Amino acid sequence: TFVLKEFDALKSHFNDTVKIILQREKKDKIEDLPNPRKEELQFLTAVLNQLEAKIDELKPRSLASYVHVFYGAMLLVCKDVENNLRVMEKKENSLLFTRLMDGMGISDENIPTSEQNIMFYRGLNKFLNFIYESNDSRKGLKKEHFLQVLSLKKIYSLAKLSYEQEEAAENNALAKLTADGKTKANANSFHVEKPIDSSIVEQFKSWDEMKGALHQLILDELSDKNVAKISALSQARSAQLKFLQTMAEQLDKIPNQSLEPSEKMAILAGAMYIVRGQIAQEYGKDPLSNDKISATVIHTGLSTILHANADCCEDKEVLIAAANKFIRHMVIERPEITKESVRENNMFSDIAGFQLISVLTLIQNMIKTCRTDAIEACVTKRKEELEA
């Protein structure tokens, strides 16, 4: 097992790393360093200073979440180092790269687990929201944030890279999953950590009306394609509609006193974006494209119900994450025997042609896109008000 370094050890080691690099390059300040080493160290310094500022402010019980962020930041830079290497250059011969890995205590025989890598980037990506007003990207960037030393282009670039790393980490964990879970699914123990903003769900009117809209769209599909049942449709389209039906059905079994209707509508909405995303990929488009696809009844139908064209990327992330949280709870066997696994029998076991891992992977892709579109819009917004 990989034991994480304590926070004080990371701080002292990084401060030494900066000194070593500055001494080797014979510079006084890191702002005089060549690219991309300059911005990379300016980023880590900014992160560290902001971490220390939060520690001396909030006075937390455990510094575990703070270590997770620093680990994510240092690993993000290591990734940036690899991307900026020449065609023949090796990372093992990079001073900064080797210094960071040594500071985190990572070698060839000592690497963090899949879960630890995810927590690193999940922690950093949440930590990056400090640049937004009230920690919300809906309100744009702050006039003064902890990454002010960096340019808007670099902020977007690092954020984009960080979101892609979390996606890649999740996808690697999904690829190693096995479908030999013997445990039974438990909806009775499914409780949301934080309640959802009802304003995000008010466009779907109610849980009954949303179910009615879904059921009506399926009827319109069967009518337009002149078939009696869903199975008569294509293997792809059939699995998608049965996925939505299973989703809506499995949510009705749960009492409203154990799971609020607003939470149910959010979960169902996230499932709709997944199906909407799958169909969009069939047309060679991005899963979250707002372009109208007239050739598809379902994609057009789901877009109408979801109000996808008018909805912002932030609200979409919440809905998609809500569906992701429910699926992973019902289908994935979590620990605390050893390791995670897909239950051999779940909600989607009877659905022919259903590809679970593909769906969970698509979720991570749409999540990343929502986050990337959020920072891009804020960077572009900040650029305009600076150029006026």
# chains A, B, ... in the order shown; residues from 1 in each chain; ligands from 1
call {"tool": "select_by_dssp", "arguments": {"residues": "region 115-229 of chain A", "states": "helix (DSSP H, G or I)", "output": "MDAnalysis selection string"}}
result
chainID A and resid 115:131 133:135 137:139 152:175 198:200 202:204 207:224
call {"tool": "closest_residue", "arguments": {"among": "A:198, A:111, A:28, A:101", "to": "residue 1 (chain A)", "atoms": "only C-alpha atoms"}}
result
A:111
call {"tool": "closest_residue", "arguments": {"among": "A:376, A:193, A:220, A:80", "to": "residue 97 (chain A)", "atoms": "only C-alpha atoms"}}
result
A:80
call {"tool": "closest_residue", "arguments": {"among": "A:33, A:47, A:21, A:228", "to": "residue 148 (chain A)", "atoms": "only C-alpha atoms"}}
result
A:47
call {"tool": "residues_around", "arguments": {"residues": "region 299-316 of chain A", "least_positions_apart": "6", "cutoff": "7 Å", "atoms": "only C-alpha atoms", "output": "compact mmCIF listing (two decimals) with N, CA, C and O atoms, in the first residue's frame"}}
result
# COMPACT_ATOMS: atom_id res chain seq x y z
N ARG A 138 -20.72 29.91 -12.50
CA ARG A 138 -21.87 30.60 -13.06
C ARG A 138 -21.73 32.11 -12.89
O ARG A 138 -22.33 32.89 -13.64
N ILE A 200 -32.62 24.03 -10.59
CA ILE A 200 -32.04 23.29 -11.71
C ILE A 200 -33.06 22.32 -12.29
O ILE A 200 -33.01 21.96 -13.47
N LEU A 217 -42.72 10.10 -25.49
CA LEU A 217 -41.68 10.16 -26.51
C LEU A 217 -41.41 8.78 -27.10
O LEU A 217 -41.16 8.64 -28.30
N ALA A 269 -32.86 12.95 -15.50
CA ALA A 269 -32.38 13.95 -16.46
C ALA A 269 -30.96 13.63 -16.91
O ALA A 269 -30.62 13.77 -18.08
N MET A 272 -30.98 10.93 -19.36
CA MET A 272 -31.44 11.42 -20.65
C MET A 272 -30.29 12.03 -21.45
O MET A 272 -30.19 11.83 -22.66
N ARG A 276 -28.94 10.96 -24.96
CA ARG A 276 -28.81 12.06 -25.90
C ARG A 276 -27.38 12.17 -26.41
O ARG A 276 -27.15 12.51 -27.57
N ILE A 279 -26.51 9.08 -28.93
CA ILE A 279 -27.08 9.32 -30.26
C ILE A 279 -26.29 10.38 -31.01
O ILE A 279 -26.07 10.28 -32.22
N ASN A 290 -25.34 21.23 -29.06
CA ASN A 290 -26.66 21.86 -29.04
C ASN A 290 -27.26 21.97 -30.43
O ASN A 290 -28.31 22.58 -30.62
N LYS A 292 -29.30 20.84 -33.66
CA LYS A 292 -30.50 20.03 -33.85
C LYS A 292 -30.25 18.90 -34.84
O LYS A 292 -29.78 19.14 -35.96
N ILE A 293 -30.57 17.68 -34.43
CA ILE A 293 -30.43 16.52 -35.30
C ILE A 293 -31.81 16.03 -35.73
O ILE A 293 -32.41 15.18 -35.07
N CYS A 370 -18.26 19.76 -19.66
CA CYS A 370 -18.99 20.78 -18.90
C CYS A 370 -18.02 21.69 -18.14
O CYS A 370 -18.18 22.91 -18.13
N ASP A 373 -15.94 23.80 -20.70
CA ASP A 373 -16.74 24.87 -21.27
C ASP A 373 -16.97 25.98 -20.25
O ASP A 373 -17.13 27.15 -20.62
N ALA A 374 -16.97 25.61 -18.98
CA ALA A 374 -17.18 26.57 -17.90
C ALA A 374 -16.01 27.54 -17.76
O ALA A 374 -16.20 28.75 -17.66
call {"tool": "closest_residue", "arguments": {"among": "A:167, A:208, A:384, A:32", "to": "residue 372 (chain A)", "atoms": "only C-alpha atoms"}}
result
A:167
call {"tool": "residues_around", "arguments": {"residues": "residue 164 (chain A)", "least_positions_apart": "3", "cutoff": "12 Å", "atoms": "only C-alpha atoms", "output": "ChimeraX atom specification"}}
result
/A:76,79-80,118,121-122,125,157-161,167-171,364-372
call {"tool": "write_last_selection", "arguments": {"atoms": "N, CA, C and O atoms", "output": "mmCIF file, in the first residue's frame"}}
result
data_model
loop_
_atom_site.group_PDB
_atom_site.id
_atom_site.type_symbol
_atom_site.label_atom_id
_atom_site.label_comp_id
_atom_site.auth_asym_id
_atom_site.auth_seq_id
_atom_site.Cartn_x
_atom_site.Cartn_y
_atom_site.Cartn_z
ATOM 1 N N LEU A 76 -0.043 17.042 -11.765
ATOM 2 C CA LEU A 76 -0.506 17.771 -12.940
ATOM 3 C C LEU A 76 0.670 18.418 -13.663
ATOM 4 O O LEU A 76 0.736 18.413 -14.893
ATOM 5 N N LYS A 79 2.637 15.892 -15.489
ATOM 6 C CA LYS A 79 1.971 15.599 -16.751
ATOM 7 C C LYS A 79 2.301 16.670 -17.787
ATOM 8 O O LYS A 79 2.508 16.367 -18.963
ATOM 9 N N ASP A 80 2.353 17.920 -17.339
ATOM 10 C CA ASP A 80 2.678 19.038 -18.216
ATOM 11 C C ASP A 80 4.127 18.953 -18.683
ATOM 12 O O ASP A 80 4.453 19.355 -19.800
ATOM 13 N N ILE A 118 -7.420 9.164 -8.247
ATOM 14 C CA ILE A 118 -8.695 9.819 -8.497
ATOM 15 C C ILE A 118 -8.958 10.900 -7.454
ATOM 16 O O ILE A 118 -9.393 12.001 -7.790
ATOM 17 N N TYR A 121 -6.944 14.253 -8.172
ATOM 18 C CA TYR A 121 -7.479 15.156 -9.183
ATOM 19 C C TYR A 121 -8.899 15.605 -8.858
ATOM 20 O O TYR A 121 -9.317 16.690 -9.263
ATOM 21 N N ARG A 122 -9.639 14.775 -8.130
ATOM 22 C CA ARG A 122 -10.974 15.161 -7.692
ATOM 23 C C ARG A 122 -10.859 16.287 -6.671
ATOM 24 O O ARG A 122 -11.723 17.160 -6.590
ATOM 25 N N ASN A 125 -9.508 19.612 -8.726
ATOM 26 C CA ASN A 125 -10.548 20.196 -9.566
ATOM 27 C C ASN A 125 -11.611 20.927 -8.755
ATOM 28 O O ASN A 125 -12.212 21.890 -9.229
ATOM 29 N N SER A 157 -5.629 26.446 -19.776
ATOM 30 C CA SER A 157 -4.854 25.294 -20.223
ATOM 31 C C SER A 157 -4.616 24.294 -19.094
ATOM 32 O O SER A 157 -4.741 23.085 -19.291
ATOM 33 N N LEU A 158 -4.273 24.801 -17.914
ATOM 34 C CA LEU A 158 -4.020 23.943 -16.761
ATOM 35 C C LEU A 158 -5.305 23.305 -16.245
ATOM 36 O O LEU A 158 -5.318 22.133 -15.870
ATOM 37 N N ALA A 159 -6.382 24.083 -16.226
ATOM 38 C CA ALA A 159 -7.681 23.578 -15.798
ATOM 39 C C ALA A 159 -8.162 22.481 -16.741
ATOM 40 O O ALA A 159 -8.610 21.423 -16.299
ATOM 41 N N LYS A 160 -8.056 22.743 -18.041
ATOM 42 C CA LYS A 160 -8.445 21.778 -19.063
ATOM 43 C C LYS A 160 -7.663 20.478 -18.917
ATOM 44 O O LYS A 160 -8.224 19.389 -19.024
ATOM 45 N N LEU A 161 -6.364 20.603 -18.661
ATOM 46 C CA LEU A 161 -5.501 19.442 -18.488
ATOM 47 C C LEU A 161 -5.860 18.682 -17.214
ATOM 48 O O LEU A 161 -5.813 17.452 -17.182
ATOM 49 N N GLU A 167 -10.595 12.537 -15.748
ATOM 50 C CA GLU A 167 -11.301 11.695 -16.706
ATOM 51 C C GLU A 167 -10.495 10.443 -17.034
ATOM 52 O O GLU A 167 -11.033 9.336 -17.065
ATOM 53 N N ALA A 168 -9.201 10.627 -17.277
ATOM 54 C CA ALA A 168 -8.318 9.521 -17.629
ATOM 55 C C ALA A 168 -8.134 8.562 -16.457
ATOM 56 O O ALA A 168 -8.036 7.351 -16.647
ATOM 57 N N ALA A 169 -8.090 9.113 -15.247
ATOM 58 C CA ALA A 169 -7.944 8.304 -14.041
ATOM 59 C C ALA A 169 -9.178 7.437 -13.814
ATOM 60 O O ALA A 169 -9.066 6.255 -13.487
ATOM 61 N N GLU A 170 -10.353 8.033 -13.991
ATOM 62 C CA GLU A 170 -11.613 7.313 -13.847
ATOM 63 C C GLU A 170 -11.754 6.215 -14.896
ATOM 64 O O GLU A 170 -12.204 5.109 -14.592
ATOM 65 N N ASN A 171 -11.368 6.526 -16.129
ATOM 66 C CA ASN A 171 -11.461 5.570 -17.227
ATOM 67 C C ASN A 171 -10.556 4.361 -17.020
ATOM 68 O O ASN A 171 -10.899 3.247 -17.414
ATOM 69 N N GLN A 364 -18.011 10.482 -17.775
ATOM 70 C CA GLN A 364 -16.778 11.191 -17.455
ATOM 71 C C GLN A 364 -16.389 12.164 -18.563
ATOM 72 O O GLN A 364 -15.813 13.219 -18.298
ATOM 73 N N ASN A 365 -16.709 11.807 -19.801
ATOM 74 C CA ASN A 365 -16.405 12.662 -20.941
ATOM 75 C C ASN A 365 -17.276 13.913 -20.962
ATOM 76 O O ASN A 365 -16.798 15.006 -21.270
ATOM 77 N N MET A 366 -18.553 13.749 -20.633
ATOM 78 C CA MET A 366 -19.484 14.871 -20.614
ATOM 79 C C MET A 366 -19.231 15.767 -19.403
ATOM 80 O O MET A 366 -19.406 16.982 -19.477
ATOM 81 N N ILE A 367 -18.815 15.160 -18.293
ATOM 82 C CA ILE A 367 -18.441 15.916 -17.101
ATOM 83 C C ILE A 367 -17.258 16.833 -17.399
ATOM 84 O O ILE A 367 -17.280 18.019 -17.068
ATOM 85 N N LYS A 368 -16.232 16.272 -18.033
ATOM 86 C CA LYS A 368 -15.040 17.026 -18.403
ATOM 87 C C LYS A 368 -15.375 18.189 -19.332
ATOM 88 O O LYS A 368 -14.849 19.291 -19.177
ATOM 89 N N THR A 369 -16.255 17.931 -20.295
ATOM 90 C CA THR A 369 -16.648 18.938 -21.272
ATOM 91 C C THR A 369 -17.393 20.092 -20.608
ATOM 92 O O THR A 369 -17.180 21.256 -20.949
ATOM 93 N N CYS A 370 -18.261 19.765 -19.655
ATOM 94 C CA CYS A 370 -18.986 20.782 -18.902
ATOM 95 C C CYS A 370 -18.022 21.686 -18.144
ATOM 96 O O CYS A 370 -18.183 22.906 -18.126
ATOM 97 N N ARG A 371 -17.016 21.080 -17.525
ATOM 98 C CA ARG A 371 -16.027 21.828 -16.759
ATOM 99 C C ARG A 371 -15.133 22.664 -17.669
ATOM 100 O O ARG A 371 -14.782 23.796 -17.338
ATOM 101 N N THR A 372 -14.769 22.098 -18.817
ATOM 102 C CA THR A 372 -13.923 22.786 -19.785
ATOM 103 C C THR A 372 -14.651 23.971 -20.417
ATOM 104 O O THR A 372 -14.058 25.026 -20.644
#
